[PDB]
Each structure stands twice: as structure tokens, then as C-alpha cells.
Amino acid sequence: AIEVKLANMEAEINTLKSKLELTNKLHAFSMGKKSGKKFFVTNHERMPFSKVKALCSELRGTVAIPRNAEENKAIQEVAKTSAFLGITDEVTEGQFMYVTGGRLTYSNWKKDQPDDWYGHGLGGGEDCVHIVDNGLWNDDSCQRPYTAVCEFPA
Amino acid sequence: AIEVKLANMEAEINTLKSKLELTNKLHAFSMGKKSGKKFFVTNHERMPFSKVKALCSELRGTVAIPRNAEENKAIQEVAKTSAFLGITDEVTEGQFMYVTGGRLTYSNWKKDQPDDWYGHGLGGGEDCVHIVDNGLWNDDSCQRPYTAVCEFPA
Amino acid sequence: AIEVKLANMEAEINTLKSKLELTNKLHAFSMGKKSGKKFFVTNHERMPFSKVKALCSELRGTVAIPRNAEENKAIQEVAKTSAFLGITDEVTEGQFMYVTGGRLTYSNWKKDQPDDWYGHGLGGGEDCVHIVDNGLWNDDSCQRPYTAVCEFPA
Ligand SMILES: [Ca+2]
Ligand SMILES: [Ca+2]
Ligand SMILES: [Ca+2]
Ligand SMILES: [Ca+2]
Ligand SMILES: [Ca+2]
Ligand SMILES: [Ca+2]
Ligand SMILES: [Ca+2]
Ligand SMILES: [Ca+2]
Ligand SMILES: [Ca+2]
Ligand SMILES: [Cl-]
Ligand SMILES: [Cl-]
């Protein structure tokens, strides 16, 4: 009895592992994940950068990062409105880096940006990045609430 | 050693339940659940109140109930049409109560509502409530089909 | 303690099956699954027919098949653009059948279709079927990429 029951429960567990994997695949498909490509998701909520970062982390993802003009456009389509990107110069002013580390290999800065402007009156300069109309980028205060868009691996 | 095999399987179960929790969080996120806020969702199907209660119950949720103007708007945006709210005055005519218990603490009645006539016995008249396009409330028969919207805890 | 632990593990497993079923049910609901009706999902990706078949198959579903007017409208609703249907005449030119077997019954052909056209130049005639924006059908080359739409059981 005991060992037979144990061997079965082992099979039951493996079966559930398989079903959950299938469930995740179906969910990814329904969320718009294209075959073999990274995908973006949002709940359309606006919040400060630290909050977006913490939320995406909780979902085992990261703040959306465009690596080319295609993904940049993709992020816009998902967000609809301006959203934070996983890029900041919080560590060293003027040196933007991906929140996952490393220098930028692609950028789409609006003319005259980034400028670390203080005039937004929120205190401090601007160490965060968000997409604006036309898909261009602007550095803004990490305190401003922008649409949370998380990214998940291809 | 069966005790070791048992211990390993218990560990496997905990890993799976953690992954399922993650799957659930990501799904809610993808469907618009805001941080710290209740999650409202619909399949856009119209049915009698009794069917809505059973359906939401089967999903471990309840018929949507707006406790404030913000939530009222969130429900309105999810339904996009006329949908039932988890509120009824079946015990005492005119005294609306939440299906989950308690007296109303917020309402958004249309000027001439509720307009149910007095004197109806059990099941007679208008003892159910539905929200409309603009977010206003109307009382109506629980047998009339309206959009099913369920809510899940924050 | 061994037998007590095994009993608990059995309960842990069944509660996991229960919660997984709940996740699948809520997901279907959020995707618009109507009670007692099969539902449709798409990631909005366009690909050749063979890729759609394989993709839906991996998800435990199949290429969407409109069995009546209602399902046809539901499919164009989810697709929002031209998509393949699970109907072809690969087995016998001129006589269509469902990818899951059986002769085609309900159809919504555009005037002068199907015509097994060779003018497209991709080589061969047209053995696949796709629905257009207005919901009408046309037979086209299985080699052409169209939106991937899967259906899952009622
Ligand atoms: Ca079994
Ligand atoms: Ca800066
Ligand atoms: Ca700036
Ligand atoms: Ca009454
Ligand atoms: Ca009444
Ligand atoms: Ca009324
Ligand atoms: Ca336990
Ligand atoms: Ca043909
Ligand atoms: Ca044709
Ligand atoms: Cl800042
Ligand atoms: Cl063909």
C-alpha cells in the first residue's frame, strides 16, 4: 500500500507539473506572446518607478525594456499611454543603464533629452525614462506615476 | 527511504503551489487588477441574477459590489453595458443589502430609482440591482438577464 | 507518522488539482467563455496554417472552427482581422472537411468562393480557409500567413 501510494502520488505530481506548464503557455498566448519572442503586459495602472519595479519583480518579470525599434513600438501598443522603461541613471548621473544592468545598446531619445530637469517641482532631477507621443523617450522624475509595463522572456 | 522520498515530494508540492500563486497573480495583473484593489471581471454573458451568483461562486468570487465611486467606475468600465450588482432588497422592500451581508454604505441610484411597486411577494417585482452605461443604478427583476461581473478580493 | 503524512499529501494534491481547475475556469471566463459554449483565443500573430495547427494543438485546442453563425461572429470578434479556420480540402480537392474530421456543413462563403485559385503564384491552388473582417470566407493558400485563433471545448 504505502509504497504503491507513494509511487502514484509521484506520478500525480509530475502530471500537475505538466498541466501547470500547459496552463502558463495558454496564458502567455492569451496575453499576446508571439512565438519565440519576449512579451509585455500591463494592468494599466499608473505608479512611481519604484512601485513598477517591485510589482514586475513580484511577477518574476522586469520593467519593460526596448532593445530595438520593434520592441519600442510593441511597448507603446501594450501601454497605450506613457509608461516607464527599465532604464535609469540613478547609479551615476548622466550614465543610463538597464535596470538589469549594462549600458544602452539602443535608444530613442526625444531631441534635447535626457536633461535631468529640476523644474518639474517634484524634488531632485530626473533619473527615470518614459515613452511619450511618437514613441520617443524623455527622462522624468522617478516619482511621477506612469503606466506599469512588465516584460517576460522569449 | 520512503521518509526521504516523502520529504522530497512535499518540497515539490510547495514549489508547485508557489508557481500556481504566481500564475494567478500574473493573470489578475493582465486582466487589470490594480495593486491593493479588488479585481472585477466579466465574460460579457447575460443571465438571470441566480445564474450570476452561482457562476461567480464557482470561481470563488462574488457578484460585483461597488463600495465607493472609484469601484463603481471600475465595474462600469469592465461591463461596458448593464450588469447586476450583488445587492438586493428581498428581505424588506426598499432596504437594500449586500449578498455577502450588510446594509448599503454607498449607492448611485438614478433619480427615479428604485421604482419597484410595493406589495409583491417572494420573487415578485424588482428586488435586484443593475448598473447601466453611465454608472447609475436601477432596480429590476432578478429574473431579467444582465451582464455577469464577478469580483475577487484585493 | 508516515501514514499520516501520506494522507496529508493526498489532500495537498487534491487541493492543488482544485485550485488549478479554478485557475483554468477563471482564465476561460476572462477570455469570454460563455456558459456551455466553447471559446476562442488569439495572440494576434500571423503565421502559415501548419504553424497554427501545431500551436493550437500544443495548447490542447485546435484551429478555430465556426459551426454556426454565432460562433462565426465570435471568431471574427476575437480575431479582428483575417484568420485561418480549421477547415481544408487537402484530403479531397473541392470537398471540405474539419481538421478534426467530418464533412463541412455550415459555411459562410464570399460570392464566387471557394475557387481553388492558382493566381496567387505561391504554387498550387487553395486548400485552406480564412475568415475576413466582415466574417465571410475565402479559400486561400495554406502557405499564406494569417492570424492564429484557437478554440477550446465547451
Ligand atoms: Ca489518479
Ligand atoms: Ca538624471
Ligand atoms: Ca527630461
Ligand atoms: Ca420586494
Ligand atoms: Ca424591491
Ligand atoms: Ca426599476
Ligand atoms: Ca498544509
Ligand atoms: Ca482546394
Ligand atoms: Ca479563393
Ligand atoms: Cl528621479
Ligand atoms: Cl493550399
# chains A, B, ... in the order shown; residues from 1 in each chain; ligands from 1

$ interface_residues --of "chain A" --to "chain C" --cutoff "9 Å" --atoms "only C-alpha atoms" --output "number ranges by chain"
A: 2, 5-6, 9, 12-13, 16, 19-20, 22-23, 25-35

$ write_last_selection --atoms "C-alpha atoms" --output "mmCIF file, in the first residue's frame"
data_model
loop_
_atom_site.group_PDB
_atom_site.id
_atom_site.type_symbol
_atom_site.label_atom_id
_atom_site.label_comp_id
_atom_site.auth_asym_id
_atom_site.auth_seq_id
_atom_site.Cartn_x
_atom_site.Cartn_y
_atom_site.Cartn_z
ATOM 1 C CA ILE A 2 2.366 2.705 1.283
ATOM 2 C CA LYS A 5 0.554 5.096 -2.930
ATOM 3 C CA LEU A 6 3.835 6.992 -2.837
ATOM 4 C CA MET A 9 1.487 10.489 -5.861
ATOM 5 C CA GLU A 12 0.250 12.771 -9.794
ATOM 6 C CA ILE A 13 2.766 15.498 -9.005
ATOM 7 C CA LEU A 16 0.298 18.552 -12.272
ATOM 8 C CA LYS A 19 -0.619 20.756 -16.591
ATOM 9 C CA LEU A 20 0.637 23.943 -14.932
ATOM 10 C CA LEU A 22 0.469 23.998 -20.248
ATOM 11 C CA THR A 23 -1.649 26.499 -18.358
ATOM 12 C CA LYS A 25 1.642 28.520 -22.178
ATOM 13 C CA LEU A 26 -2.055 29.153 -22.763
ATOM 14 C CA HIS A 27 -1.967 32.231 -20.555
ATOM 15 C CA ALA A 28 1.100 33.584 -22.371
ATOM 16 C CA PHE A 29 -0.675 33.067 -25.703
ATOM 17 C CA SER A 30 -3.767 34.877 -24.431
ATOM 18 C CA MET A 31 -1.554 37.721 -23.188
ATOM 19 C CA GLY A 32 -0.230 38.174 -26.723
ATOM 20 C CA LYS A 33 3.157 36.439 -26.572
ATOM 21 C CA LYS A 34 4.420 35.887 -30.124
ATOM 22 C CA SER A 35 6.221 32.624 -30.886
#

$ residues_near_ligand --ligand "ligand 10" --cutoff "8 Å" --atoms "only C-alpha atoms and all ligand atoms" --output "list in words"
residues 90, 124, 125, 126, 127, 128, 140, 141, 142 and 143 of chain A

$ select_by_dssp --residues "region 33-124 of chain B" --states "alpha helix (DSSP H)" --output "list in words"
residues 49, 50, 51, 52, 53, 54, 55, 56, 57, 58, 69, 70, 71, 72, 73, 74, 75, 76, 77, 78 and 79 of chain B

$ select_by_dssp --residues "region 2-130 of chain A" --states "strand (DSSP E)" --output "ChimeraX atom specification"
/A:39-47,62-63,84-88,97-98,128-130

$ write_last_selection --atoms "N, CA and C atoms" --output "compact mmCIF listing (two decimals), in the first residue's frame"
# COMPACT_ATOMS: atom_id res chain seq x y z
N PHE A 39 7.51 39.13 -24.33
CA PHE A 39 6.24 39.83 -24.41
C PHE A 39 6.03 40.79 -23.25
N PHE A 40 5.15 41.76 -23.47
CA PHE A 40 4.87 42.78 -22.49
C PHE A 40 3.43 42.72 -22.01
N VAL A 41 3.23 43.05 -20.74
CA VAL A 41 1.90 43.01 -20.12
C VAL A 41 1.72 44.19 -19.18
N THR A 42 0.49 44.71 -19.10
CA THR A 42 0.20 45.82 -18.19
C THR A 42 -1.19 45.66 -17.59
N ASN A 43 -1.41 46.28 -16.43
CA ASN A 43 -2.71 46.25 -15.78
C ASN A 43 -3.29 47.67 -15.93
N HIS A 44 -2.57 48.49 -16.70
CA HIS A 44 -2.93 49.88 -16.99
C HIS A 44 -2.94 50.80 -15.78
N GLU A 45 -2.27 50.39 -14.71
CA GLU A 45 -2.20 51.20 -13.51
C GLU A 45 -0.99 52.13 -13.58
N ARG A 46 -1.14 53.34 -13.06
CA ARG A 46 -0.05 54.31 -13.05
C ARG A 46 0.53 54.36 -11.64
N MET A 47 1.86 54.38 -11.55
CA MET A 47 2.54 54.39 -10.26
C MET A 47 4.00 54.84 -10.40
N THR A 62 10.42 41.89 -15.39
CA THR A 62 11.22 43.10 -15.21
C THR A 62 10.52 44.26 -15.90
N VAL A 63 10.86 45.49 -15.52
CA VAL A 63 10.27 46.66 -16.15
C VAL A 63 10.65 46.60 -17.63
N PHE A 84 6.80 53.75 -17.96
CA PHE A 84 8.20 53.73 -17.55
C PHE A 84 8.92 52.59 -18.26
N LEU A 85 10.20 52.80 -18.56
CA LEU A 85 11.04 51.79 -19.18
C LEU A 85 12.04 51.36 -18.12
N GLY A 86 12.61 50.17 -18.25
CA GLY A 86 13.57 49.69 -17.27
C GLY A 86 14.95 50.27 -17.50
N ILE A 87 15.01 51.59 -17.58
CA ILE A 87 16.27 52.30 -17.82
C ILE A 87 16.36 53.51 -16.89
N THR A 88 17.49 53.67 -16.21
CA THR A 88 17.67 54.80 -15.30
C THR A 88 19.14 55.17 -15.14
N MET A 97 21.54 53.19 -17.63
CA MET A 97 21.78 51.76 -17.66
C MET A 97 20.45 51.02 -17.54
N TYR A 98 20.44 49.77 -17.98
CA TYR A 98 19.25 48.94 -17.89
C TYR A 98 19.15 48.55 -16.42
N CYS A 128 14.63 58.68 -14.29
CA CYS A 128 13.85 57.62 -14.92
C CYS A 128 13.46 57.97 -16.35
N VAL A 129 13.03 56.96 -17.10
CA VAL A 129 12.67 57.14 -18.50
C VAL A 129 11.27 56.65 -18.84
N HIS A 130 10.57 57.40 -19.69
CA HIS A 130 9.23 57.02 -20.11
C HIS A 130 9.04 57.35 -21.59

$ residues_around --residues "region 102-110 of chain A" --least-positions-apart "4" --cutoff "12 Å" --atoms "only C-alpha atoms" --output "ChimeraX atom specification"
/A:65-73,85-89,91-92,94-98,114-115,129-139

$ write_last_selection --atoms "N, CA and C atoms" --output "short mmCIF file (atom, residue, chain, number, x, y, z; two decimals), in the first residue's frame"
data_model
loop_
_atom_site.label_atom_id
_atom_site.label_comp_id
_atom_site.auth_asym_id
_atom_site.auth_seq_id
_atom_site.Cartn_x
_atom_site.Cartn_y
_atom_site.Cartn_z
N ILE A 65 11.79 46.82 -21.37
CA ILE A 65 12.97 47.44 -21.98
C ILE A 65 13.01 47.21 -23.49
N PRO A 66 13.01 48.29 -24.29
CA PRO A 66 13.06 48.17 -25.75
C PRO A 66 14.51 47.99 -26.18
N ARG A 67 14.78 46.96 -26.98
CA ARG A 67 16.14 46.69 -27.45
C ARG A 67 16.29 47.12 -28.90
N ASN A 68 15.17 47.46 -29.53
CA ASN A 68 15.16 47.91 -30.92
C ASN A 68 13.86 48.66 -31.17
N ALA A 69 13.72 49.23 -32.36
CA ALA A 69 12.53 50.00 -32.72
C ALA A 69 11.25 49.17 -32.69
N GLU A 70 11.37 47.87 -32.91
CA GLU A 70 10.21 46.98 -32.90
C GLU A 70 9.62 46.83 -31.50
N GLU A 71 10.47 46.50 -30.54
CA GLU A 71 10.04 46.32 -29.16
C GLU A 71 9.58 47.64 -28.57
N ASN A 72 10.15 48.74 -29.05
CA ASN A 72 9.78 50.05 -28.56
C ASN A 72 8.33 50.29 -28.95
N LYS A 73 8.01 49.99 -30.21
CA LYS A 73 6.66 50.16 -30.71
C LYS A 73 5.71 49.22 -29.97
N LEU A 85 10.20 52.80 -18.56
CA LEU A 85 11.04 51.79 -19.18
C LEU A 85 12.04 51.36 -18.12
N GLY A 86 12.61 50.17 -18.25
CA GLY A 86 13.57 49.69 -17.27
C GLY A 86 14.95 50.27 -17.50
N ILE A 87 15.01 51.59 -17.58
CA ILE A 87 16.27 52.30 -17.82
C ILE A 87 16.36 53.51 -16.89
N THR A 88 17.49 53.67 -16.21
CA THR A 88 17.67 54.80 -15.30
C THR A 88 19.14 55.17 -15.14
N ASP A 89 19.40 56.37 -14.61
CA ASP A 89 20.77 56.81 -14.36
C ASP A 89 20.88 57.15 -12.87
N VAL A 91 22.27 55.31 -10.56
CA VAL A 91 23.58 54.95 -10.02
C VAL A 91 24.63 56.02 -10.27
N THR A 92 24.72 56.47 -11.52
CA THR A 92 25.67 57.50 -11.92
C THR A 92 24.96 58.49 -12.84
N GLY A 94 23.72 60.86 -15.47
CA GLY A 94 24.16 61.02 -16.84
C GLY A 94 24.45 59.72 -17.57
N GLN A 95 24.70 58.65 -16.82
CA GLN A 95 25.00 57.35 -17.40
C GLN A 95 23.80 56.42 -17.29
N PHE A 96 22.97 56.37 -18.32
CA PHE A 96 21.81 55.50 -18.25
C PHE A 96 22.18 54.04 -18.43
N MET A 97 21.54 53.19 -17.63
CA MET A 97 21.78 51.76 -17.66
C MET A 97 20.45 51.02 -17.54
N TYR A 98 20.44 49.77 -17.98
CA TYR A 98 19.25 48.94 -17.89
C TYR A 98 19.15 48.55 -16.42
N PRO A 114 18.24 63.09 -22.67
CA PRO A 114 17.80 63.41 -21.30
C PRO A 114 18.50 64.67 -20.80
N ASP A 115 17.85 65.41 -19.90
CA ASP A 115 18.43 66.65 -19.40
C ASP A 115 18.48 66.81 -17.88
N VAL A 129 13.03 56.96 -17.10
CA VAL A 129 12.67 57.14 -18.50
C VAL A 129 11.27 56.65 -18.84
N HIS A 130 10.57 57.40 -19.69
CA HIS A 130 9.23 57.02 -20.11
C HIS A 130 9.04 57.35 -21.59
N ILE A 131 8.18 56.58 -22.26
CA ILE A 131 7.91 56.80 -23.67
C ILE A 131 6.80 57.83 -23.81
N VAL A 132 6.97 58.76 -24.75
CA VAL A 132 5.98 59.79 -24.99
C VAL A 132 5.38 59.63 -26.38
N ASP A 133 4.52 60.56 -26.77
CA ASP A 133 3.90 60.51 -28.08
C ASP A 133 4.98 60.38 -29.14
N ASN A 134 4.74 59.51 -30.11
CA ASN A 134 5.67 59.26 -31.21
C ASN A 134 6.72 58.21 -30.83
N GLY A 135 6.53 57.58 -29.67
CA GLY A 135 7.46 56.55 -29.23
C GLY A 135 8.81 57.06 -28.73
N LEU A 136 8.99 58.37 -28.74
CA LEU A 136 10.25 58.97 -28.29
C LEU A 136 10.40 58.84 -26.77
N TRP A 137 11.61 59.09 -26.27
CA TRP A 137 11.89 58.98 -24.84
C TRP A 137 12.22 60.29 -24.16
N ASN A 138 11.87 60.37 -22.88
CA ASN A 138 12.14 61.55 -22.07
C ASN A 138 12.51 61.07 -20.67
N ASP A 139 13.47 61.73 -20.04
CA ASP A 139 13.86 61.35 -18.69
C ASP A 139 12.95 62.21 -17.81
#

$ atom_distance --atom1 "CA of residue 93 (chain B)" --atom2 "CA of residue 123 (chain B)"
11.5 Å
